[PDB]
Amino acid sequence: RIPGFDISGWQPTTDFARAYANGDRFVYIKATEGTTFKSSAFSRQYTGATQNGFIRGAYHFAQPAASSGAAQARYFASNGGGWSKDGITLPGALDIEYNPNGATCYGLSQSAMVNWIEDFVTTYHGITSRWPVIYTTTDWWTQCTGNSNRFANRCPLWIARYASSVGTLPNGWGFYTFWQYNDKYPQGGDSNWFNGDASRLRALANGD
C-alpha cells in the first residue's frame, strides 16, 4: 500500500514538503462542485503538491439534481480536472455521495442516477482521455444507484469507510484503488491508502 491524502478549501494549511517527509506520495484536491463552485484553494494546493514531488489529482463534488452529468464533467475538466500524461497526474475523481443540502439521493431514481453518472464519466473520458475515479460509500451507492455494477470495469474505486478494515465494496468492484480510512490527516484533511505499489500508482497516473 502507498499512503496519501486529500484536501479542499476547508484546510487552510498544507506543507507539502512535510507531507512528503511523512511518507505521503499522492494527494487529491477539491476543484469544483456543481457548475458554479471552483475552490479558491485549488491553485495553491495543486501547485504546492506539484512543487514537492507529489502525484496529484483533482475531484468534483457531484450535484446530480442541478445540471447534467455532461455539464459537470465539462466544468470540472475546464477548472482543475484536466489530465496530462506526465506520470504525476491522477485521473480526476467524481465525488458522488450524500446530498449535503437535502435528501440523500437528490430526488433522482436509481436508474436516473446511473444515467447521470454515465453521462459524467463518458463526457470526462471524451474530454480528457481518462475514465474518472469514483469516490463513494457502499451504503450511498446501494441506496442511490441500486448498487450498480455499471462503472467498475472503467472507473477505479475510491471507497470511504473510517474503520479498521475497508468493508464490503459496491457491486462490480473486486478491489478498491483508493480507500479513505480517516478524516484526520495530521495537517488537516482525509487519509487514503492506494492499493498497489509505486509502479502501479505511476501506471494509474499514466493511464496505461
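Quick note: we count residues from 1 along the sequence shown, nothing fancier.
If you average the CA temperature factors over each stretch, which comes out higher, 166 to 174 or 35 to 43? According to the entry, 35 to 43 carries the higher average C-alpha B-factor.
Regarding 188 to 196 and 7 to 15, which shows the higher C-alpha temperature factor on average in the entry? Mean C-alpha B-factor is greater for 7 to 15.
Going by the deposited entry, which of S78, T89, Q72, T128 has the highest CA temperature factor? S78 has the highest C-alpha B-factor of those listed.
Selection by C-alpha B-factor (highest) of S84, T137, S111, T123: Highest CA B-factor of the listed options: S84.
Considering every modelled residue of the chain and its Cα B-factor in the PDB entry, is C105 in the lowest, middle or highest third? For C105, the deposited C-alpha B-factor lands in the middle third.
According to the PDB entry, is the CA B factor of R150 in the bottom, middle or top third of its chain, that is, lowest, middle or highest? According to the entry, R150 has a C-alpha B-factor in the chain's highest third.
Taking the C-alpha B-factors as the PDB entry records them, is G53 in the lowest, middle or highest third of its chain? According to the entry, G53 has a C-alpha B-factor in the chain's highest third.
Rank-wise, by C-alpha B-factor, drop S67 into the lowest, middle or highest third of its chain. As the PDB entry reports it, the C-alpha B-factor of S67 lands in the highest third of its chain.
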